[PDB]
Structure formats: C-alpha cells, structure tokens
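The data below hold one chain only, encoded as structure tokens and taken in the form deposited in one PDB entry.
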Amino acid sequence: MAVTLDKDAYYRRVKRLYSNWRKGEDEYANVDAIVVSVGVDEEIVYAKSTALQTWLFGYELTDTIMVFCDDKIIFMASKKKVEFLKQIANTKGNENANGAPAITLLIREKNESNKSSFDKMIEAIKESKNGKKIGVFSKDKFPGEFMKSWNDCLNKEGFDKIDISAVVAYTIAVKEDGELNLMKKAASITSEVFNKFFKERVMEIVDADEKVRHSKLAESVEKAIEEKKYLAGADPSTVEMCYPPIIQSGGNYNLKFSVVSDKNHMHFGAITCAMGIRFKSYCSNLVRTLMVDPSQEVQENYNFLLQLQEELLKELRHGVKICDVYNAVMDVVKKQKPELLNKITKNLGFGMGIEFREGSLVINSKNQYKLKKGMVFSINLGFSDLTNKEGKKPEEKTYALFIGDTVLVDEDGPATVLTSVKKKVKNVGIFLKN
C-alpha cells in the first residue's frame, strides 16, 4: 500500500545530475552545493524545485529540503516522507547505488524546533569543497513558516547564490526511453481528445449556429478528459490538463499558452484551439486552427504556415543550435512572404517534459543551446493580425493562424511528430458541406 519509489531511476538520475555538475559548465562552475527547498505548493505555476523531485523520486514532496553536497546528500521532511525516502537512503545491497553519494534523512518537527537539523545541513554545505556558493532555483519562493525558518537560517550564512535553472533544465532535457513512452502516450491522449471530442464539438456548434462562450467550450474539454472513451485506453486518474484549454476567435487572439479562454461567443471564422494533456506528470501540447469556409487567401497563408513547420521539423535535429533553427525558418519567411515577418510569432516552440515550458529552451533568436536526440519539444508557429479583405464586421476583419505539435528530436535528421491530428485544410476546415 505504501508508495513505491523507482530506486534504479533515482540512482541513475542522481548520478547524471552529479556528472553534469562535476563537468562544471556555465552556472555549474564553482557551485559547492545544490540547495532545493519546497514549501506549500499552491501550484498555479510549474516549478524547477518540484520538477526535480518528480525526476529524482517520481513524486513531489512539500515542506521538503534537499541539500546535494560534494560527498553527501541530506533530505529533510516529515516522518511520512522520510519513510518514503528510506527506499533510496537504505542502499540495502543495491550496487546501482555505488555511484551515488550517501543519503542522510532528517525528520522535520511540526513543533519542538528544527535548529538542530538546519545546522546539520548548513555544516554539510560548509564542508562541501569551498563551502561558499550554492546553486538554487531563485524563482522558487514558497509560503509557509517552515520554509521561512529554513531560508532565514540559511541566509545568516551569506552564501553566494547562483541560479542553476538553465543548466539543470539542460541536464534533464534528454529523455530516457521510459520517459519517452510517457510523453508519447500523453501526446496520443491529447490527439484522441481533440480528434474525438474537441473538433466534433466545434463542428456541432457551427452546424447548429449555437452561441457558445470560449470559456464554456474550454470547460467542456476539461470535462471530456474525465471520460475513458476519450483517453485512448488511459485511466482518468492518470491525466490532467497542462493548462486550461485555450480557444480564441473573432479578432481577439493572443498566440501563447499563458492566457485563459475569454467569455466571448465563438465566432465562425478562424478558431485557434490549444490544449495539452499531462500524463503521469509528463506534458504534451497541440495547437490547431479550425477555419470556417476559408477563402483562397486564408488557405494560402495557412498552407504556408504548414510549410514553415515542415522546414522547422527538418532543421530541429541533434547538434544544431536553437537560434540556428529559428533563423532558418525566418529566412523562408523573408524569402517567400516578407509581408508576414511582422505577423509571425517571435517564438517557434520550446522544450517540454515534466515542466510544460522550459524557459531556457525556447526556440528564439537568442538561444545558444544545442539540440540533442531524445529531447522533446512543443513546436508552435502562428501568424497574428492578418486581414480578411472581405470582412465587414470587426470580428470578421482580423484573423490569426496557429499550429502546434509535440515532436521528438532525432539525429540525421528530421524530428518525429508525436501528436496525431491531421492538419491539412480538408481536415481542419469547417465546411458548409460537413
């Protein structure tokens, strides 16, 4: 009945963390200890601290402190969580633990003070190499008295703090085969929900001439993932939304994933639809634009968007710098449709895994990181503020086109698409015929 911890996975991945840290590239340089603290998780935002726990343990743990030193690791948590972590702390006789620093478990006290435990972790940092600089996820600030008491104690030492979010994201980016199977299923579930529920519902609304608010349609998609018939064999208890589904139309667009569906009635023109399923903690992503009776001009821009995504897939391969992929795509726009340069999304996708969007792995003009086989990306491209020459009402005047898929980076060459939703005009057009 107790929660099972994948021990081999922990030993494998903690060794990988230490091998990258030891290499000392970028912000890993001169880091004496890595300090990760999780307080109460109000959620709302994905976080490196809890993502790291998912990667190492398979589960997130609130009010938990993790101190990785050169020659030892300390975890401090409640008695329940300590019992859980004993699965990896007690090596038993597992030779897979040979390469990993020994774990010390400290039991947190709701009452009776934790100063003795805090001091042990501080002394451990002090004794780790130079004992001066700690790697942190500076963005992660959690509420709670316990976290406040730990960070107050830690701050009295005046350690140098360096944010290691980017190097850690790169450390875990390449997916193991078991992780890829989870992301493949996540992508398949997203596709099933869209193919079997989302697209059908939109077509029913148009065919019936119904007035449905984007927010209501989004709620219906959320309700749909509670039903087994839409989950392609997966159990409803293993799936959640990566973010609330986003439907936009009628001239009111914003081609990103950090906004919610508005209260406006869906307009029957260009309907951008974004959704993603998180399966057993691994994210997927999909974006499709459904076009009602699209004109020649709309189809020409949309088919050019498909062409751009195809070029992106061809360039998204092992060893290539992310900014070089970005420039290759923008060069096609410059060469073929200069007038769309100021219309195209400034970002063309991002690394995706336990966390939905890796901020350090965004496909933009600046990113210097090199791609690797085994990385998984959400590849998204869109055109905003496009004009319908035949539009008469404001909601008909402007439209947008947005497409998005989950893809697996390969070596020599083109990336593999993991989502399975047809996107030719005949598959995404909502035609009078139906």
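The first residue of the shown sequence is 1; numbering continues from there. Take the two forms, superpose them, and find the largest set of C-alpha atoms that agree within 1.5 Å; that set is the rigid core.
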For the higher mean C-alpha B factor in the entry, choose 246-254 or 144-152. 144-152
When the Cα temperature factors in the entry are averaged, is it 409-417 or 11-19 that ends up higher? 409-417
Looking at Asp293, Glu222, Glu123, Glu179, which has the biggest Cα B factor in the entry? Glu123
Checking the record values for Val193, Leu341, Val259, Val287, which has the greatest CA B factor? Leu341
Name the third of the chain's ranked CA B-factors that contains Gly135, choosing lowest, middle or highest. middle
Of the three thirds of Cα B-factor ranks in this chain, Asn303 occupies the middle
Can you work out whether the C-alpha temperature factor of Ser165 puts it in the lowest, middle or highest third of the chain? middle
Taking the values exactly as deposited, rank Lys86 by C-alpha B-factor within its chain and report the matching third: lowest, middle or highest. middle
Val40 - which third its CA temperature factor falls in, relative to the rest of the chain: highest
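Not on display, but discussed next: the form deposited in another entry.
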Could you check which of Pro338, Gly359, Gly99, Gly319 shows a C-alpha shift of 2 Å or more between this form and the one not shown after a rigid core superposition? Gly99
Inspect the rigid-core superposition and answer whether the C-alpha of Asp26 shifts by 2 angstroms or more between this form and the one not shown. no
When the rigid core is used for the superposition, does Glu42 move between this form and the one not shown (threshold: C-alpha shift of 2 Å or more)? yes
Closer or farther: how do the Cα atoms of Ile44 and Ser261 compare in that other deposited form relative to this form, given a change of at least 3 Å? farther
